[PDB]
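Input: a single structure, listed below in structure tokens.
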Amino acid sequence: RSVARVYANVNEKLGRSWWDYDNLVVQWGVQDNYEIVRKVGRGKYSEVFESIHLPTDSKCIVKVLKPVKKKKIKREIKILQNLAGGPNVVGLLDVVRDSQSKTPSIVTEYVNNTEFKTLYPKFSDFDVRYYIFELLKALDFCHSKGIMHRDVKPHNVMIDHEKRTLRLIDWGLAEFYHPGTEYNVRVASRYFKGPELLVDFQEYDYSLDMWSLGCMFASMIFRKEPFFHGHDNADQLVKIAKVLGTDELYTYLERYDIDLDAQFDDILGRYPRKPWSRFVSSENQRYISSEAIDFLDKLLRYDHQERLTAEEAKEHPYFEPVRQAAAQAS
Ligand SMILES: Nc1ncnc2c1ncn2[C@@H]1O[C@H](COP(=O)(O)OP(=O)(O)NP(=O)(O)O)[C@@H](O)[C@H]1O
Ligand SMILES: [Mg+2]
């Protein structure tokens with residue numbers, strides 16, 4: 001009912017030793033070589049602390065998972081070990097757990113982050129092209145290794161603006177992509193969910209991450225956080241419909257034999273396509289160019305087979321300032 005455009009082969013061509021995370025045996029580190037300092041974050045199934053690896057006296061992150069669904073835990077570890085050394089992927093330092101409760105933690109590199117609603121308004125046009133390009137690098141890498149993040153959003157993009165470095169964190173929803181598999185649609189955060197998630201289409205792929213990338217980018221360049229502000233998961237589809245249009249939605253559902261749910265009959269009207277240019281303001285004009293709008297317009301498409309691949313998106317003209325800049329550094 002849908003295969004991915006790119007990289008569909010990958011997990012088949014790497015081994016079952018690459019994707020079969022149920023049978024991974026975890027060689028736990030020593031829980032007591034870490035000391036938790038201060039709370040830096042929270043989560044649905046987690047808590048995150050700044051911490052010290054005692055034997056080296058060094059800063060790191062300790063993220064304490066919820067111990068149940070044991071294989072959901074091995075999934076995140078198998079993905080982190082697989083993506084070892086990948087450009088702009090958060091580095092895995094250790095996996096430890098408590099001797100008595102068997103509650104596990106993942107230990108990752110620390111990144112001196114600025115929270116995005118503070119940091120994003122401080123970006124220049126170049127910053128945006130540059131940090132999106134760096135993030136495209138992580139997305140392309142893990143996609144080319146047969147993995148979907150499925151929770152791309154600002155909150156999982158650590159930026160050390162002083163170091164001009166980027167890390168994609170939180171692979172607790174990352175699943176391996178197997179052609180034709182029916183994945184769970186209850187993934188990603190509301191404001192970054194794809195239309196395929198919102199209409200219960202289960203045979204999605206690496207293109208889901210591109211719709212989310214486009215939701216980030218849209219809010220960066222139009223200065224509208226979040227860009228699609230649905231009150232529930234049904235309102236999410238209507239808020240997207242008010243921009244992309246109800247015509248192109250109906251052609252896409254037909255293209256995929258998706259039958260919309262009956263709740264939508266009363267809430268989903270006929271909406272015309274609002275051009276991207278109506279989101280241009282004076283406060284957000286610094287980020288606007290035709291390169292940018294064109295690029296956003298090829299991320300944010302109902303049909304996931306119409307979205308750019310992360311590889312394709314790096315080729316985009318928008319990023320040419322970044323390409324040539326890094327080349328002249330060379
Ligand atoms: N390497 C890191 N460096 C700095 N801060 C980090 C790092 N990893 C995580 N954090 C912080 O911890 C928060 C939560 O981390 P995360 O790994 O997304 O846990 P989570 O339980 O999966 N949260 P959620 O996004 O709701 O699923 C982030 O939003 C960051 O502020
Ligand atoms: Mg998570």
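Following the order of the structure tokens, chains are lettered A, B, ..., residues in each are numbered from 1, and ligands are numbered from 1.
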
Protein and nucleic residues near ligand 1, 10 Å, only C-alpha atoms and all ligand atoms, as a CSV table (one decimal) with N, CA and C atoms, in the first residue's frame:
chain,number,residue,atom,x,y,z
A,39,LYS,N,18.5,18.3,37.6
A,39,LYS,CA,17.4,18.0,36.6
A,39,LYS,C,17.5,19.0,35.4
A,40,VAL,N,17.6,18.5,34.2
A,40,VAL,CA,17.6,19.4,33.0
A,40,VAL,C,16.3,19.1,32.2
A,41,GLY,N,15.7,18.0,32.3
A,41,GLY,CA,14.5,17.7,31.5
A,41,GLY,C,13.6,16.7,32.1
A,42,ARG,N,12.4,16.5,31.4
A,42,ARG,CA,11.3,15.6,31.7
A,42,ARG,C,10.8,15.0,30.4
A,43,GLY,N,10.0,14.0,30.6
A,43,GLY,CA,9.4,13.4,29.5
A,43,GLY,C,8.2,12.6,29.8
A,44,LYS,N,7.6,12.1,28.7
A,44,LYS,CA,6.4,11.2,28.8
A,44,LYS,C,6.9,9.9,29.6
A,45,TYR,N,7.9,9.3,29.2
A,45,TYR,CA,8.4,8.0,29.7
A,45,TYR,C,9.9,8.2,30.3
A,46,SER,N,10.2,9.4,30.8
A,46,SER,CA,11.6,9.6,31.1
A,46,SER,C,11.8,10.8,32.0
A,47,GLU,N,12.9,10.9,32.6
A,47,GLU,CA,13.5,12.0,33.3
A,47,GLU,C,15.0,12.2,32.9
A,48,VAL,N,15.4,13.4,32.8
A,48,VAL,CA,16.7,13.6,32.3
A,48,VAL,C,17.6,14.5,33.2
A,49,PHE,N,18.8,14.1,33.5
A,49,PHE,CA,19.6,14.8,34.4
A,49,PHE,C,21.0,15.1,33.9
A,50,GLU,N,21.5,16.3,34.2
A,50,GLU,CA,22.9,16.5,34.0
A,50,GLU,C,23.7,15.8,35.1
A,59,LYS,N,31.1,16.0,32.5
A,59,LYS,CA,29.7,16.3,32.2
A,59,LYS,C,29.1,15.3,31.2
A,60,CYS,N,27.8,14.9,31.5
A,60,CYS,CA,27.1,14.0,30.6
A,60,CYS,C,25.6,14.1,30.9
A,61,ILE,N,24.8,13.4,30.2
A,61,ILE,CA,23.4,13.4,30.4
A,61,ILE,C,23.0,12.0,30.8
A,62,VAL,N,22.1,11.8,31.8
A,62,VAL,CA,21.6,10.6,32.2
A,62,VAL,C,20.1,10.7,32.1
A,63,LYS,N,19.5,9.7,31.3
A,63,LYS,CA,18.1,9.7,31.0
A,63,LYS,C,17.5,8.4,31.5
A,64,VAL,N,16.6,8.5,32.5
A,64,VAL,CA,16.1,7.4,33.2
A,64,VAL,C,14.8,7.0,32.5
A,65,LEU,N,14.8,5.8,31.9
A,65,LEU,CA,13.6,5.4,31.2
A,65,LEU,C,12.6,4.7,32.1
A,66,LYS,N,11.3,4.6,31.7
A,66,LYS,CA,10.3,3.8,32.3
A,66,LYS,C,10.6,2.3,32.0
A,89,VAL,N,24.3,13.2,15.3
A,89,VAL,CA,23.5,12.3,16.1
A,89,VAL,C,24.0,12.3,17.5
A,90,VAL,N,23.2,12.3,18.6
A,90,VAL,CA,23.6,12.4,19.9
A,90,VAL,C,24.5,11.2,20.3
A,91,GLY,N,25.6,11.4,21.0
A,91,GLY,CA,26.5,10.4,21.2
A,91,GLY,C,26.2,9.5,22.4
A,92,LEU,N,26.3,8.2,22.3
A,92,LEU,CA,25.9,7.3,23.3
A,92,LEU,C,27.1,7.0,24.2
A,106,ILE,N,19.9,5.7,29.9
A,106,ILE,CA,20.8,5.9,28.8
A,106,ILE,C,21.7,7.1,29.2
A,107,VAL,N,23.0,6.9,29.0
A,107,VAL,CA,24.0,8.0,29.2
A,107,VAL,C,24.4,8.6,27.9
A,108,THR,N,24.2,9.9,27.7
A,108,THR,CA,24.6,10.5,26.4
A,108,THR,C,25.5,11.7,26.7
A,109,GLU,N,26.1,12.2,25.6
A,109,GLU,CA,26.9,13.4,25.7
A,109,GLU,C,26.1,14.6,26.2
A,110,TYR,N,26.6,15.5,26.9
A,110,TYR,CA,26.0,16.7,27.2
A,110,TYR,C,26.1,17.7,26.1
A,111,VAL,N,25.1,18.5,25.8
A,111,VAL,CA,25.1,19.5,24.8
A,111,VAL,C,24.6,20.8,25.5
A,112,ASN,N,25.4,21.9,25.4
A,112,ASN,CA,25.0,23.1,26.0
A,112,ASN,C,24.0,23.8,25.1
A,113,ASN,N,22.7,23.6,25.4
A,113,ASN,CA,21.6,23.9,24.5
A,113,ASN,C,21.0,25.3,25.0
A,114,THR,N,20.4,26.0,24.0
A,114,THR,CA,19.5,27.1,24.3
A,114,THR,C,18.1,26.7,23.9
A,115,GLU,N,17.2,26.9,24.9
A,115,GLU,CA,15.8,26.5,24.5
A,115,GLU,C,15.4,27.3,23.3
A,116,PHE,N,14.6,26.7,22.4
A,116,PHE,CA,14.5,27.2,21.0
A,116,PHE,C,13.7,28.5,21.0
A,151,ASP,N,9.9,11.6,15.8
A,151,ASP,CA,9.7,12.6,16.8
A,151,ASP,C,10.6,13.8,16.5
A,152,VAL,N,10.8,14.2,15.3
A,152,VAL,CA,11.5,15.4,15.0
A,152,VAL,C,10.7,16.6,15.5
A,153,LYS,N,11.3,17.5,16.2
A,153,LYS,CA,10.7,18.7,16.7
A,153,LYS,C,11.9,19.6,17.3
A,154,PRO,N,11.6,20.9,17.6
A,154,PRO,CA,12.7,21.7,18.2
A,154,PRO,C,13.2,21.1,19.5
A,155,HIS,N,12.3,20.5,20.4
A,155,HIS,CA,12.7,20.0,21.7
A,155,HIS,C,13.7,18.9,21.6
A,156,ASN,N,13.9,18.2,20.5
A,156,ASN,CA,14.8,17.1,20.3
A,156,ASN,C,16.0,17.6,19.4
A,157,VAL,N,16.2,18.8,19.2
A,157,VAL,CA,17.3,19.4,18.5
A,157,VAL,C,18.1,20.3,19.4
A,158,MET,N,19.1,19.7,20.1
A,158,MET,CA,20.0,20.5,20.8
A,158,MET,C,21.0,21.3,19.9
A,159,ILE,N,21.0,22.6,20.1
A,159,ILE,CA,21.9,23.5,19.4
A,159,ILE,C,22.8,24.2,20.5
A,160,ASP,N,24.1,24.1,20.3
A,160,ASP,CA,25.1,24.9,21.0
A,160,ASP,C,25.5,26.0,20.0
A,167,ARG,N,22.9,18.5,17.5
A,167,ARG,CA,22.7,17.1,17.9
A,167,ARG,C,21.2,16.8,17.9
A,168,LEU,N,20.8,15.7,17.2
A,168,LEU,CA,19.4,15.2,17.3
A,168,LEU,C,19.3,14.2,18.4
A,169,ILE,N,18.4,14.5,19.4
A,169,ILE,CA,18.4,13.6,20.6
A,169,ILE,C,17.1,12.8,20.5
A,170,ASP,N,16.8,12.1,21.6
A,170,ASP,CA,15.5,11.4,21.8
A,170,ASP,C,15.1,10.5,20.7
A,171,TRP,N,15.7,9.3,20.7
A,171,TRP,CA,15.3,8.2,19.8
A,171,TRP,C,14.4,7.2,20.5
A,172,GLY,N,13.6,7.6,21.5
A,172,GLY,CA,12.7,6.7,22.1
A,172,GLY,C,11.5,6.3,21.3
A,173,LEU,N,11.3,7.0,20.1
A,173,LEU,CA,10.2,6.6,19.2
A,173,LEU,C,10.8,6.1,17.9
A,187,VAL,N,2.6,8.3,17.1
A,187,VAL,CA,4.0,8.7,17.2
A,187,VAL,C,4.1,10.2,16.9
A,188,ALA,N,5.3,10.8,17.1
A,188,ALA,CA,5.5,12.2,17.0
A,188,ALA,C,4.7,13.0,17.9
A,189,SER,N,5.0,14.3,18.0
A,189,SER,CA,4.1,15.2,18.8
A,189,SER,C,3.0,15.8,17.9

Alpha helix (DSSP H) call set, DSSP backbone run, region 245-329 of chain A, as a ChimeraX atom specification: /A:246-256,263-267,290-299,310-314,320-329

Name the residues in contact with residue 197 (chain A) at a cut-off of 9 Å, using only C-alpha atoms, excluding same-chain residues fewer than 6 positions from it; report them as a PDB file with N, CA and C atoms, in the first residue's frame.
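Result file follows (part25.pdb):
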ATOM      1  N   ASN A 184       2.728   1.966  14.097  1.00  0.00           N
ATOM      2  CA  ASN A 184       1.827   2.716  14.960  1.00  0.00           C
ATOM      3  C   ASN A 184       1.763   4.167  14.506  1.00  0.00           C
ATOM      4  N   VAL A 185       0.542   4.708  14.410  1.00  0.00           N
ATOM      5  CA  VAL A 185       0.376   6.124  14.060  1.00  0.00           C
ATOM      6  C   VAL A 185       0.412   7.042  15.277  1.00  0.00           C
ATOM      7  N   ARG A 186       0.372   6.488  16.491  1.00  0.00           N
ATOM      8  CA  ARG A 186       0.468   7.304  17.702  1.00  0.00           C
ATOM      9  C   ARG A 186       1.952   7.564  18.002  1.00  0.00           C
ATOM     10  N   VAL A 187       2.594   8.317  17.095  1.00  0.00           N
ATOM     11  CA  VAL A 187       3.986   8.734  17.241  1.00  0.00           C
ATOM     12  C   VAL A 187       4.075  10.217  16.915  1.00  0.00           C
ATOM     13  N   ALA A 188       5.266  10.777  17.145  1.00  0.00           N
ATOM     14  CA  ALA A 188       5.523  12.206  16.958  1.00  0.00           C
ATOM     15  C   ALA A 188       4.665  13.032  17.913  1.00  0.00           C
ATOM     16  N   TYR A 204       3.602   4.179   6.607  1.00  0.00           N
ATOM     17  CA  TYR A 204       4.469   5.322   6.359  1.00  0.00           C
ATOM     18  C   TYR A 204       5.950   4.913   6.392  1.00  0.00           C
ATOM     19  N   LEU A 208       7.919  10.682   6.807  1.00  0.00           N
ATOM     20  CA  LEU A 208       7.240  11.304   7.945  1.00  0.00           C
ATOM     21  C   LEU A 208       8.142  12.342   8.610  1.00  0.00           C
TER      22      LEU A 208
END

Shell of 9 Å around residue 174 (chain A), only C-alpha atoms, local chain residues under 3 positions omitted, as a PyMOL selection string: chain A and resi 75-76+79+147-151+170-171

Can you list, as a PDB file with N, CA and C atoms, in the first residue's frame, every protein, DNA or RNA residue that comes within 10 Å of residue 283 (chain A) when you count only C-alpha atoms, leaving out same-chain residues fewer than 4 positions away?
ATOM      1  N   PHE A 222       8.472  31.815   9.633  1.00  0.00           N
ATOM      2  CA  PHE A 222       7.334  32.706   9.812  1.00  0.00           C
ATOM      3  C   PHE A 222       7.178  33.199  11.245  1.00  0.00           C
ATOM      4  N   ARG A 223       7.981  32.686  12.173  1.00  0.00           N
ATOM      5  CA  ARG A 223       7.968  33.107  13.571  1.00  0.00           C
ATOM      6  C   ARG A 223       6.585  32.862  14.160  1.00  0.00           C
ATOM      7  N   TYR A 287      13.718  36.228   7.332  1.00  0.00           N
ATOM      8  CA  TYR A 287      13.953  34.833   6.955  1.00  0.00           C
ATOM      9  C   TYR A 287      13.432  34.469   5.565  1.00  0.00           C
TER      10      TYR A 287
END

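For region 23-30 of chain A, the list of residues within 9 Å, based on only C-alpha atoms and with local chain neighbours fewer than 6 positions off taken out, reads residues 17, 71, 74, 75, 77, 78, 94, 95, 96, 97 and 104 of chain A.
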
Limited to C-alpha atoms, could you put the picked residues into a file as a short mmCIF file (atom, residue, chain, number, x, y, z; two decimals), in the first residue's frame?
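File result-v4.cif, as written:
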data_model
loop_
_atom_site.label_atom_id
_atom_site.label_comp_id
_atom_site.auth_asym_id
_atom_site.auth_seq_id
_atom_site.Cartn_x
_atom_site.Cartn_y
_atom_site.Cartn_z
CA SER A 17 21.93 -8.42 13.29
CA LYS A 71 11.86 -4.24 24.00
CA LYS A 74 16.34 -2.32 23.50
CA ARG A 75 15.03 -0.56 20.38
CA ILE A 77 19.73 1.33 22.44
CA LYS A 78 20.07 -0.71 19.25
CA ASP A 94 26.77 4.11 28.37
CA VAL A 95 23.70 2.15 29.35
CA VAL A 96 23.33 1.43 33.07
CA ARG A 97 20.51 0.41 35.38
CA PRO A 104 17.52 1.45 33.00
#

Residue with smallest distance to ligand 2 - pool A:321, A:282, A:191, A:72, counting only C-alpha atoms and all ligand atoms: A:72

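Closest approach to ligand 2 among A:306, A:83, A:175, A:11 is made by A:175 (distances from only C-alpha atoms and all ligand atoms).
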
Nearby residues (only C-alpha atoms) at most 12 Å from residue 241 (chain A), same-chain spacing under 3 positions excluded, as a VMD selection string: chain A and resid 195 198 228 to 230 234 to 238 244 to 250 264 267 to 274 300 to 302

Option closest in space to ligand 2, from A:73, A:303, A:278, A:164 [counting only C-alpha atoms and all ligand atoms]: A:73

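Distance annotation: of A:308, A:6, A:135, A:292, the residue with the minimal separation from residue 320 (chain A) is A:292; atom set is only C-alpha atoms.
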
Between CA of residue 218 (chain A) and CA of residue 317 (chain A) - distance in Å to one decimal: 17.1 Å

Per-residue DSSP, region 63-164 of chain A, filtered to strand (DSSP E), as a PyMOL selection string: chain A and resi 63-65+92-97+104-109+147-148+157-160

Write the residues you've just listed into a file as a compact mmCIF listing (two decimals), in the first residue's frame, and include N, CA and C atoms for each of them.
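Final output, saved to result-v1.txt:
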# COMPACT_ATOMS: atom_id res chain seq x y z
N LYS A 63 19.49 9.75 31.30
CA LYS A 63 18.07 9.75 30.99
C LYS A 63 17.50 8.44 31.51
N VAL A 64 16.62 8.54 32.50
CA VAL A 64 16.11 7.36 33.18
C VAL A 64 14.78 6.99 32.53
N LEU A 65 14.77 5.83 31.89
CA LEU A 65 13.59 5.38 31.18
C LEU A 65 12.60 4.73 32.14
N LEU A 92 26.26 8.20 22.28
CA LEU A 92 25.90 7.26 23.34
C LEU A 92 27.13 6.95 24.17
N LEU A 93 27.04 7.21 25.47
CA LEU A 93 28.17 7.04 26.37
C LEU A 93 28.11 5.74 27.17
N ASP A 94 26.90 5.27 27.50
CA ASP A 94 26.77 4.11 28.37
C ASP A 94 25.29 3.78 28.52
N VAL A 95 25.02 2.54 28.86
CA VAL A 95 23.70 2.15 29.35
C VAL A 95 23.89 1.45 30.68
N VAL A 96 23.23 1.96 31.71
CA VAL A 96 23.33 1.43 33.07
C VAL A 96 21.92 1.22 33.59
N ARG A 97 21.81 0.60 34.77
CA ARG A 97 20.51 0.41 35.38
C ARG A 97 20.68 0.18 36.88
N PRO A 104 16.32 1.10 33.77
CA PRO A 104 17.52 1.45 33.00
C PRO A 104 17.65 2.95 32.75
N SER A 105 18.88 3.37 32.44
CA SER A 105 19.20 4.72 32.01
C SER A 105 20.09 4.67 30.78
N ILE A 106 19.93 5.65 29.91
CA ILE A 106 20.85 5.88 28.80
C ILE A 106 21.73 7.07 29.16
N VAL A 107 23.04 6.94 28.96
CA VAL A 107 23.95 8.04 29.25
C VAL A 107 24.45 8.58 27.91
N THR A 108 24.19 9.86 27.66
CA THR A 108 24.58 10.51 26.42
C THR A 108 25.49 11.69 26.71
N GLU A 109 26.10 12.18 25.63
CA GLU A 109 26.91 13.39 25.71
C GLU A 109 26.05 14.56 26.15
N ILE A 147 16.38 3.78 9.51
CA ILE A 147 15.79 4.17 10.79
C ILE A 147 14.96 5.43 10.60
N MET A 148 13.78 5.47 11.22
CA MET A 148 12.93 6.66 11.26
C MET A 148 12.84 7.20 12.68
N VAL A 157 16.20 18.85 19.25
CA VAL A 157 17.31 19.36 18.45
C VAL A 157 18.11 20.28 19.38
N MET A 158 19.09 19.71 20.07
CA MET A 158 20.05 20.49 20.84
C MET A 158 20.96 21.28 19.91
N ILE A 159 21.00 22.60 20.13
CA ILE A 159 21.87 23.54 19.42
C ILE A 159 22.76 24.22 20.45
N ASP A 160 24.07 24.11 20.27
CA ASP A 160 25.07 24.90 20.99
C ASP A 160 25.45 26.02 20.03

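Closest approach to residue 119 (chain A) among A:255, A:137, A:161, A:239 is made by A:161 (distances from only C-alpha atoms).
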
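Closest approach to residue 81 (chain A) among A:13, A:193, A:145, A:323 is made by A:145 (distances from only C-alpha atoms).
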